[PDB]
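Residue numbers (this note's numbering), protein chains in the order written: chain U, 26 to 74; chain V, 37 to 187; chain R, 1137 to 1555; chain H, 211 to 656; chain D, 3 to 20; chain P, 1489 to 1543; chain Z, 459 to 491.
We treat Cβ as the ideally placed atom computed from N, Cα and C, and that holds for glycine.
What follows is the structure, given as structure tokens:
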């Protein structure tokens, strides 16, 4: 019935750091996110100039 | 679909008259099956009715045996003509399995009226009988419709 | 620690106490005022009153009250039935005094402020509704009407034209009418008697007045059938049972465990109940039957509440009912009763072992008796039941005026005349 | 007497005993005529394979259908002979078989019970019967929406882990299921030390262990391997799931982030933050003057019907979040509120409101501790969790540990700027896109 | 059967039982 | 709407002609002009002003 | 009620403004490199 549903794989678009199924995702999570923000901030310095 | 909303507003205005609501309940108390059937829709029955359910009861209970046509101001032959023409269909007919099985009891609804309404009934007889007349006489004994205003 | 200490007052209100070692420290307060004590124009009042709980006392603003209990961490409770409303409260071992003091102010110091009364009008329905999720809920309430006339027929809920009907005053009287220090009964649990013993006489001595007992409920049977939209029709058959506090009340309490099946095993259809078995044998696929026994002060009712499908109900009833006959005809099993006794004794103790439940069981005796009976004595008395009793006990339910309540799709639903 | 400090002191202590084959024994004496007799097993779905999914669940029903020495329905006809209630239930991380009974006939109970644990009648008569009921139930299970969304909830966070999977498992397996594979899992994880036994009542300890003694000293109940101890840390998925169905009147919501496992210091530190933020429902008499900002607003403007917050800490994992129900036009506003409370805690919170939270949890703690079964019941998981530890009075000491900075510093970790999980059930549509929620986690200082 | 039943109002929780 | 900071001046509720104004999913960079048009204009006004300042 | 937190936060925003403010005009100062 309802439970027959399942999650298909998004590993593709991912990047390898948390790609493992057995890992604590938190390990990179600190370093993982900061990449996303480091971009965001640096974008701004230019705008400001 | 558009006729679903309509029933209540109709169904309501009939219940202005308290006696109205009182009567409908009564047929239940005195019967079981047939006459106990309301002239109105119990409200969970509302969304219940399909075109088909209608559509059968249409043709189920229709027959040229049961159908009866009455003219008034018009000559018979004109009447006589078209009558047989279209109105001859079947058959099927008439589902008499309802004897209504008089079965008494009493019902008391707790309500907010200052004027309580009640009635007492022992079953009378069938229509078309001297007894039916006898009660039709027996009423005018006690039974008072006003023959004089306010009297 | 110390066992049950219950103490009559001059006011006659029993102050019962125990000493615990536990940091849980609770108190409870019982009152005789049930739905039977509402009048034709007093209807739903207690039910409304049961929502008078949180309101503005005469001792304090309800705000302070409410912010009071939480920041302390205590908890309040209120409970009623057709007979005895109960005001329960609990907090840590240490702080009961602050809380306990407020228990008074509510029952002691009423204020009905016409504005503050209005906001509770909306509330009843939303409460009143959720109780009627359970079909059996709606079924039961109707039943007391069918079997009675006046008292127990009174609902625990507000007939809806009665809604806008209730004034502060109407409440305000029933407050003081039915309150008295004769009727009021206070129970401590974790707290020493003397502390309990102190303040009890202090505030709670008021009058007097009105217990008015004129409701005998006058068992008067009948049957009621509501036409509804359920696929599973619900119905019950009741010949009146006896008063609470009797070997008969026990006999039926025994007589139930004969047929009466609560599941003792998860999902298990109880075989030791002949009822379901003697039914399920001749019967077809899902259904349920259980036996209903309940008693109040002056009297109670015994019956069995059936759940079946469209056609089955009658035979579901009939066979089970016919199966009841089997018992009434001289059928007996002493070990079954014995096992049932084992069930009951256990079931009783398993029921009683729970403190909070037993907390009721304390004052449930009180307003009934005012003394305490060790369950041992009960367990003894449980034994005291004769079989011919339970034999003729069922015979009564066969031997006397019976009543029905039915709701659903009724097309196949028989009357008691079919029975 | 009863005095809170002293009240901690006098309690029948945790008892422990250990048999040879890995069985654990333990007890506490409540000085009660009755005893809850129970068993807890750590064999999970997280152990179960992709066919084994839901099998143990299917198994769960089967025990009481009769056993080896006691064929079909000869089992309970002895049980109800005593008048002792009986019940069993299972869980993703645990399964608990237990009995509630008078202390008298216990000599049969465990021996009755021990038979059931391993000796079992595996009979396709019952199988097909039970195979049907489950299938019957599988479809019926759409009727309670609560359980429904949680299934979505796990699977969205734990995707790629056996933990993420249906307890009853997918349907077709149940049809495909054969009792040999059971016998595997029967043989696999029902060995000791996996097995654990406890009880509470008038029983003390010794007089338990002596009549523990030999079945199930024992019947092995073994110790070998099943490898060891097969488990893995599970992945945590920033994501969303939505089942949009607009017909229904109301739409549940669940939102959460992952947290520490069972054993972990902070697990208690976050017990209070929930208690503080509290919960609301349609039906309270609390009104708008309650202290909980949520119960104040959600009663005020009835922004929801009700909600409650949950905590579930797995072995390695924990779950913090709430579950609410609100009008299909009222959804957004519940949220923008709900992010208020968590976020404001992480910075501006205060020691006052700490106390009101502190007291409650003390109450709730002490509260649940009454009654035979719950007392009995702690031990089993606790054993499977912290071992024997029932650090009763310590919990109090543990309570004294928590601090204003603590809660802030704790919540700073597990809330501020994180990736939340989002479960939903229709008529959702109003519910904003993720990208709002995400930006909505971290304040801008507003 | 039932006790018969009960009702609840109170504060922090809310319910109805049998 | 409890404590929404977009209510207090009602002007902010007129603002929700934007931020919650829904749009279809698929939209080509063909659609970016309506924006630009207004933006191309803003600059105009300003520069077209400072001209006059010395003009 | 003596708000304790937000004291350090404001300490940044102030320094956030002043520096950038000095950055806006950028006049007489000390360090170059």
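Do you know offhand how far residue i's Cα is from residue j's?
i	j	result
residue 506 of chain H	residue 1198 of chain R	15 Å
residue 517 of chain H	residue 72 of chain U	44 Å
residue 41 of chain V	residue 83 of chain V	10 Å
residue 627 of chain H	residue 474 of chain Z	22 Å
residue 479 of chain H	residue 554 of chain H	17 Å
residue 1515 of chain R	residue 476 of chain H	49 Å
residue 642 of chain H	residue 1510 of chain P	11 Å
residue 447 of chain H	residue 227 of chain H	42 Å
residue 1209 of chain R	residue 42 of chain U	46 Å
Check whether chain R comes within 8 Å of residue i, counting only Cβ atoms and requiring the distance to be less than that.
i	result
residue 52 of chain V	no
residue 576 of chain H	yes
residue 242 of chain H	yes
residue 347 of chain H	no
What are the partner residues of residue i, as DSSP defines its beta bridges?
i	result
residue 470 of chain H	H/527
residue 1212 of chain R	R/1225
residue 312 of chain H	H/244
residue 299 of chain H	H/306
residue 167 of chain H	No answer is possible for residue 167 of chain H: the residues shown for chain H start at 211 and end at 656.
residue 1193 of chain R	R/1246
residue 1323 of chain R	R/1152, R/1164
Check whether the Cβ atoms of residue i and residue j sit closer than 8 Å, and answer yes or no.
i	j	result
residue 513 of chain H	residue 520 of chain H	no
residue 253 of chain H	residue 305 of chain H	yes
residue 1279 of chain R	residue 1172 of chain R	no
residue 369 of chain H	residue 32 of chain U	yes
residue 1428 of chain R	residue 1372 of chain R	yes
residue 1489 of chain P	residue 543 of chain H	yes
residue 640 of chain H	residue 538 of chain H	yes
residue 372 of chain H	residue 29 of chain U	no
residue 320 of chain H	residue 422 of chain H	yes
residue 1476 of chain R	residue 1393 of chain R	yes
Within 8 Å of any Cβ in chain P, is that where the Cβ of residue i sits?
i	result
residue 535 of chain H	no
residue 547 of chain H	yes
Return no unless some Cβ of chain Z is closer than 8 Å to the Cβ of residue i.
i	result
residue 554 of chain H	no
Would you please verify whether the beta carbon of residue i is less than 8 Å from any beta carbon of chain H?
i	result
residue 9 of chain D	no
residue 1294 of chain R	no
Distance cutoff 8 Å, beta carbons only. Does residue i sit that close to anything in chain V?
i	result
residue 1297 of chain R	yes
residue 1364 of chain R	yes
For chain U, is any of its Cβ atoms less than 8 Å away from the one on residue i?
i	result
residue 352 of chain H	yes
residue 470 of chain H	no
Is the region 1339-1354 of chain R touching the region 1398-1405 of chain R, taking contact as three or more C-beta pairs under 8 Å?
no
At a cut of 8 Å, does the region 623-637 of chain H reach the region 447-455 of chain H through at least three beta carbon pairs?
yes
I want to know whether the region 1539-1548 of chain R touches the region 1361-1379 of chain R - three or more CB-CB distances under 8 Å.
yes
Could you check whether the region 1297-1317 of chain R touches the region 1371-1388 of chain R, counting it as contact only if at least three pairs of C-beta atoms, one from each stretch, sit closer than 8 Å?
no
If we count Cβ pairs, one from each stretch, closer than 8 Å, do we get three or more for the region 598-616 of chain H versus the region 1186-1194 of chain R?
no
The region 1321-1340 of chain R contacting the region 1155-1165 of chain R, beta-carbon criterion three pairs below 8 Å:
yes
Is the number of C-beta pairs between the region 1209-1224 of chain R and the region 1290-1297 of chain R that are closer than 8 Å three or more?
yes
Should the region 1521-1528 of chain R be regarded as contacting the region 566-577 of chain H, the criterion being three or more beta carbon pairs within less than 8 Å?
no
Does the region 218-235 of chain H touch the region 348-364 of chain H, meaning 3 or more C-beta pairs lie closer than 8 Å?
no
Any 3 or more C-beta pairs closer than 8 Å across the region 170-178 of chain V and the region 1473-1492 of chain R:
no
For the structure I just gave you, are there three or more beta carbon pairs, one from the region 312-320 of chain H and one from the region 258-271 of chain H, closer than 8 Å?
no
Touch check for the region 357-372 of chain H and the region 455-474 of chain H: three-plus C-beta pairs under 8 Å?
yes
Would you check if there are 3 or more beta carbon pairs closer than 8 Å linking the region 590-597 of chain H to the region 1228-1236 of chain R?
no
Do the region 401-418 of chain H and the region 282-293 of chain H make contact, defined as three or more Cβ pairs closer than 8 Å?
no
Counting Cβ pairs closer than 8 Å, one from the region 331-343 of chain H and one from the region 277-288 of chain H, do we hit at least three?
yes
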